[PDB]
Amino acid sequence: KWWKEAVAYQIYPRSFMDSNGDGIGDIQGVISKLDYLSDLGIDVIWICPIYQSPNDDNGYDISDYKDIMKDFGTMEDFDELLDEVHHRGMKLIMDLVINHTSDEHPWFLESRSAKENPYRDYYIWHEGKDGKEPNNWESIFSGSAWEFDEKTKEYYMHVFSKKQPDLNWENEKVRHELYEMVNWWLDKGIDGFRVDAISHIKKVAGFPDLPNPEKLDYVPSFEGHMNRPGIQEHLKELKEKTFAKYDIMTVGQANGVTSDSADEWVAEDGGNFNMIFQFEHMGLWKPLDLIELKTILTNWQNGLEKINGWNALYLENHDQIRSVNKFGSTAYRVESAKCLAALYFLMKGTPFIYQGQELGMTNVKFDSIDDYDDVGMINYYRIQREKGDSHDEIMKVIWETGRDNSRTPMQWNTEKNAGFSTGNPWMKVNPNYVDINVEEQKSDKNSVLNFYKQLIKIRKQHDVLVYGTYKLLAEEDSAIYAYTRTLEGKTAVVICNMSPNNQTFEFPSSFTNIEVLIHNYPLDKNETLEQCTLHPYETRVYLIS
């Protein structure tokens, strides 16, 4: 229940704060900015992976689960971080990455060393078919999901990068070692986990070929490994052997789960996580189809209410483009950032803020493929270039859909590199840091940052915004997203003009008192309550007694 009332902040440590001038974020960097997060009102910090890693996938390829990434510091730095976080009245959850390891993990080095060895079946090996790969599956990062090993003359599976071989969850020995490792971390007093790629751990037995109607070189392979029947057996054991033994929060990153199939994932009774990151609102690729967004988020509000589940609320993370671009408007950057904030943050659930979201940071446009880092898009670039796509065509996809958009340095001030580093950043800063930065926003009472500060405050001060029942209003309005939160004798009315235009809206009325809790435009003297005249991306929250 503390996790129900919490607001969480997600840190991408490579790009949060560089404390020693090599252009790479680090743990002492995070420590140096804990004042910022405490003052924001954050309750829980989720930090992306900080473990030993070759960084083929920036931390999500782990070669030692019990050692800190050299770039980021030492275990002593981590211990200091956890101690400082805890003394500041915050909690910290770690990123648990156990679908796959680095190919430089000692388990895999042994596993690949000989066709027969005690670690061979820790991973997923198969001989080829017809002088090619074992099947036609595509990696999520493009190319084959199988990599040939010359020494042992077999392929190993990698859903993600070539340097991320999948662990074999059908091997009890593997599961036992993972559970020991998880509990080792929990014994240090961390407060839980965000659980990476967790819907991918069950593969269809025998890894059969997928249908290939369009005759591709490789077939997108989600139907072979995403949320496959049999997965719940593993996740139930994971919970029983680890999570259930501690008072922690868990949020599972669970692609392929829908609002009607979330029962075994988050139900109060028997659910394997406290909440999940669901993907249904993150694949709406013009004018945003607002009513489709209403349908999806409302499905999840109503769906989880029915099974006493709990939503994880979010619009941004290290895998997505920036939300002003995705859901708002660059023509109304500040206003749409605040509108989006009220919209997602005040539904029923635990809200997550991704670093820079609270500033209204936006997408970046680098001209050179050398300026990007994301293994996914770098692969995409090579493959599509060879197939004949022009540089421009490809960069368009990268600019408009690439997750590197969310990985540019956190924008602290207007000094060199926006104060992220004294050195040359591993990823270039967005040039708009001259306009968009923490220092500027602290002093402006109408900044995006101070709007988030207010959202956190009113959610904390009014129980109806935590435990109140959600109901969608004005479903057919293609511009206005409005909804209520109701708890006993209190009703909050959240009104969001999700359009770049002025709009009229009838107040969806029976109250003894009304109060405006938050608003991103100045209130108009002569405006009547009943006839809202809302400015582009205007949001208001009313509290009704």
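Numbers follow the displayed sequence, beginning with 1.
### Query
What number of residues from the deposited sequence go unmodelled in the gap from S509 to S510, classed as none, 1 to 3, 4 to 9, or 10 or more?
Gap between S509 and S510: 1 to 3 unmodelled residues.
### Message
Zero if continuous, otherwise a range: how many residues of the deposited sequence are missing coordinates between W184 and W185 (none, 1 to 3, 4 to 9, 10 or more)?
### Response
The entry has no gap there; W184 and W185 are joined directly.
### Message
Per the record, averaged over C-alpha atoms, which has the higher B-factor: 78 to 86 or 192 to 200?
### Response
Looking at the record's C-alpha B-factors, the answer is 78 to 86.
### Query
With respect to the recorded C-alpha B factors, which stretch has the higher mean value, 330 to 338 or 260 to 268?
Between 330 to 338 and 260 to 268, it is 260 to 268.
### Task
Using the entry's values, work out which of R322, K457, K294, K387 has the largest Cα B factor.
Most elevated C-alpha B-factor of the set, per the entry: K387.
### Task
Going by the CA temperature factor in the entry, name the top one among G349, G283, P409, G224.
Out of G349, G283, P409, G224, the record gives the largest C-alpha B-factor to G283.
### Query
If you rank every modelled residue in this chain by C-alpha B factor, which third holds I544: lowest, middle or highest?
For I544, whose C-alpha B-factor we compare with every modelled residue in the chain, the answer is the highest third.
### Query
If you rank the chain by CA B-factor, which third does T491 end up in: lowest, middle or highest?
Ranked within chain, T491 CA B lands in the highest tercile.
### Query
What third of the chain, by the recorded C-alpha B-factor, contains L304?
It falls in the top third of the chain.
#### Entry: Assigned third (lowest, middle, highest) for the C-alpha B factor of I45
For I45, the deposited C-alpha B-factor lands in the lowest third.
### Query
Lowest, middle or highest third: where is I11 by Cα B-factor in its chain?
CA B-factor rank for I11: lowest third.
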